[PDB]
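Read the structure below first, then the notes.
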Amino acid sequence: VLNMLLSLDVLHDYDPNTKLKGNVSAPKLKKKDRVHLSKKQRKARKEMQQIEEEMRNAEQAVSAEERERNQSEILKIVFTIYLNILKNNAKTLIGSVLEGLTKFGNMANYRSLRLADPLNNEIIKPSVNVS
RNA sequence: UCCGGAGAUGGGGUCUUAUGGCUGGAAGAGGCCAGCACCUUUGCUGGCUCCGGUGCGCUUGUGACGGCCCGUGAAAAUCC
């Protein structure tokens with residue numbers, strides 16, 4: 001249950017120019033294969049494209065400035081949970097708490113007894129919560 | 001190297017007049033000649049100004065296409 005916090009993407013930074021999945025699409029509709037639009041329709045299309053561009057810019061900026069605040073709040077909640085678990089001193093949760101602290105510590109300012117192995121366990125080799 | 005049961009090939013028609021042809025303007029104009037007048041603005045007269053070819057040529061306009069980039073590629077006056 002407590003291992004799901006290990007999968008928080010908001011507490012991860014990857015390489016600034018990571019390669020994503022190969023996506024191929026037509027860059028633009030071909031000029032000779034366009035649909036006829038009236039002058040009023042073409043002017044409306046220009047206007048709505050101008051609106052859409054600025055909406056996209058504003059949404060990008062808002063998402064950027066909200067991700068950091070959400071990251072701060074989630075960091076506070078996660079660290080409070082981890083520290084309260086440690087103060088409670090539960091013998092069956094120490095390894096996960098230490099692994100989470102090691103993973104998300106730099107974001108701040110026994111396998112038989114557990115079930116449902118963590119997501120991407122084939123690639124996420126446990127740094128502190130080893131078998 | 002694209003089109004055709006989303007109707008090809010074939011047969012018969014409709015349209016835009018861009019651009020060519022003939023004519024009016026217009027030969028009376030302009031051009032090239034010859035001849036005859038005068039101490040002078042010193043101008044009068046008569047002919048011919050026609051028929052063609054050629055283009056990986058230069059300049060320019062235009063038509064149907066093809067490729068690439070891209071907000072379907074400035075706005076308004078104005079006319080229909």
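Just remember, in the structure tokens the first chain shown is A, the second B, etc., residues are 1-based per chain, and ligands are 1-based in the order shown.
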Residues of chain A within 9 Å of chain B, counting only C-alpha atoms (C1' of nucleotides), what are they? List them as a count of residues only. 11
Quick check for you: according to DSSP on this backbone, which residues of range 3-125 of chain A are classed as helix (DSSP H, G or I)? Reply as a ChimeraX atom specification. /A:3-7,9-11,31-33,39-88,94-107
Neighbours of residue 19 in chain B within 12 Å (only C-alpha atoms (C1' of nucleotides); same-chain residues fewer than 4 positions away dropped), as a list in words? residues 61, 62 and 63 of chain B
Generate the output file for the selected residues, N, CA, C and O atoms (P, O5', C5', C4', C3', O3' and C1' of nucleotides), as a PDB file, in the first residue's frame.
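Below you can see out29.pdb, which holds the result:
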ATOM      1  P     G B  61       6.405  40.196 -66.233  1.00  0.00           P
ATOM      2  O5'   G B  61       5.033  39.780 -66.925  1.00  0.00           O
ATOM      3  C5'   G B  61       4.042  40.755 -67.200  1.00  0.00           C
ATOM      4  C4'   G B  61       3.018  40.254 -68.187  1.00  0.00           C
ATOM      5  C3'   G B  61       2.253  39.003 -67.797  1.00  0.00           C
ATOM      6  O3'   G B  61       1.213  39.247 -66.866  1.00  0.00           O
ATOM      7  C1'   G B  61       2.947  38.827 -70.039  1.00  0.00           C
ATOM      8  P     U B  62       0.809  38.113 -65.805  1.00  0.00           P
ATOM      9  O5'   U B  62       0.113  36.986 -66.690  1.00  0.00           O
ATOM     10  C5'   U B  62      -1.081  37.258 -67.408  1.00  0.00           C
ATOM     11  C4'   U B  62      -1.370  36.194 -68.437  1.00  0.00           C
ATOM     12  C3'   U B  62      -1.634  34.798 -67.904  1.00  0.00           C
ATOM     13  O3'   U B  62      -2.955  34.630 -67.422  1.00  0.00           O
ATOM     14  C1'   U B  62      -0.123  34.671 -69.709  1.00  0.00           C
ATOM     15  P     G B  63      -3.266  33.517 -66.308  1.00  0.00           P
ATOM     16  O5'   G B  63      -3.283  32.153 -67.128  1.00  0.00           O
ATOM     17  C5'   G B  63      -4.280  31.902 -68.107  1.00  0.00           C
ATOM     18  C4'   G B  63      -4.173  30.500 -68.647  1.00  0.00           C
ATOM     19  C3'   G B  63      -4.051  29.403 -67.603  1.00  0.00           C
ATOM     20  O3'   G B  63      -5.312  29.002 -67.097  1.00  0.00           O
ATOM     21  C1'   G B  63      -2.401  29.099 -69.269  1.00  0.00           C
TER      22        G B  63
END
Would you mind reading off the distance between CA of residue 13 in chain A and CA of residue 70 in chain A, one decimal, in Å? 14.3 Å
Shell around residue 130 in chain A at 12 Å using only C-alpha atoms (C1' of nucleotides), local window under 5 positions removed, as a VMD selection string: chain A and resid 94 to 96 98 to 99 110 to 112 121 124 to 125
Dump as a compact mmCIF listing (two decimals), in the first residue's frame, selection limited to C-alpha atoms:
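Dumped everything to result22.txt:
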# COMPACT_ATOMS: atom_id res chain seq x y z
CA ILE A 94 11.12 0.41 7.35
CA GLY A 95 12.57 -0.62 3.99
CA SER A 96 9.93 1.15 1.90
CA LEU A 98 13.98 4.41 3.60
CA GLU A 99 13.72 3.77 -0.15
CA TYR A 110 11.73 -10.05 2.58
CA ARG A 111 10.04 -9.98 -0.82
CA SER A 112 8.13 -13.15 0.06
CA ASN A 121 9.78 -3.83 -10.84
CA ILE A 124 13.13 -0.36 -10.90
CA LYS A 125 15.90 -2.19 -9.05
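Here CA of residue 80 in chain A and CA of residue 15 in chain A stand 28.3 Å from one another.
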Report, in Å to a single decimal, how far apart CA of residue 24 in chain A and CA of residue 67 in chain A are. 28.7 Å
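Among A:30, A:118, A:6, A:60, the residue with the shortest atom-to-atom distance to residue 103 in chain A, counting only C-alpha atoms, is A:6.
For residue 31 in chain B, the non-local neighbours within 12 Å, defined as residues at least 4 positions apart in the same chain or in other chains and counting only C-alpha atoms (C1' of nucleotides), are residues 27, 48 and 49 of chain B.
Proximity to residue 10 in chain A was assessed for A:26, A:81, A:93, A:64 counting only C-alpha atoms; the smallest distance is recorded for A:64.
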Using only C-alpha atoms (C1' of nucleotides), which protein or nucleic acid residues come within 10 Å of residue 97 in chain A? Drop anything in the same chain fewer than 6 positions from it, and give the result as a ChimeraX atom specification. /A:2-3,5-6,78-79,81-83,85-86,103,128-129
Written selection (C-alpha atoms) as a CSV table (one decimal), in the first residue's frame:
chain,number,residue,atom,x,y,z
A,2,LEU,CA,2.7,2.5,1.0
A,3,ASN,CA,4.8,1.5,-2.0
A,5,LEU,CA,3.9,6.7,-3.3
A,6,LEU,CA,7.2,5.5,-4.9
A,78,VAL,CA,4.8,12.4,1.9
A,79,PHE,CA,7.6,13.4,4.3
A,81,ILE,CA,3.7,10.2,6.4
A,82,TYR,CA,7.3,8.8,6.2
A,83,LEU,CA,8.4,10.5,9.5
A,85,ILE,CA,5.7,5.8,10.1
A,86,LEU,CA,9.3,6.0,11.4
A,103,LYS,CA,14.4,8.6,-3.9
A,128,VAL,CA,17.5,0.3,-0.3
A,129,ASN,CA,14.6,-2.2,-0.1
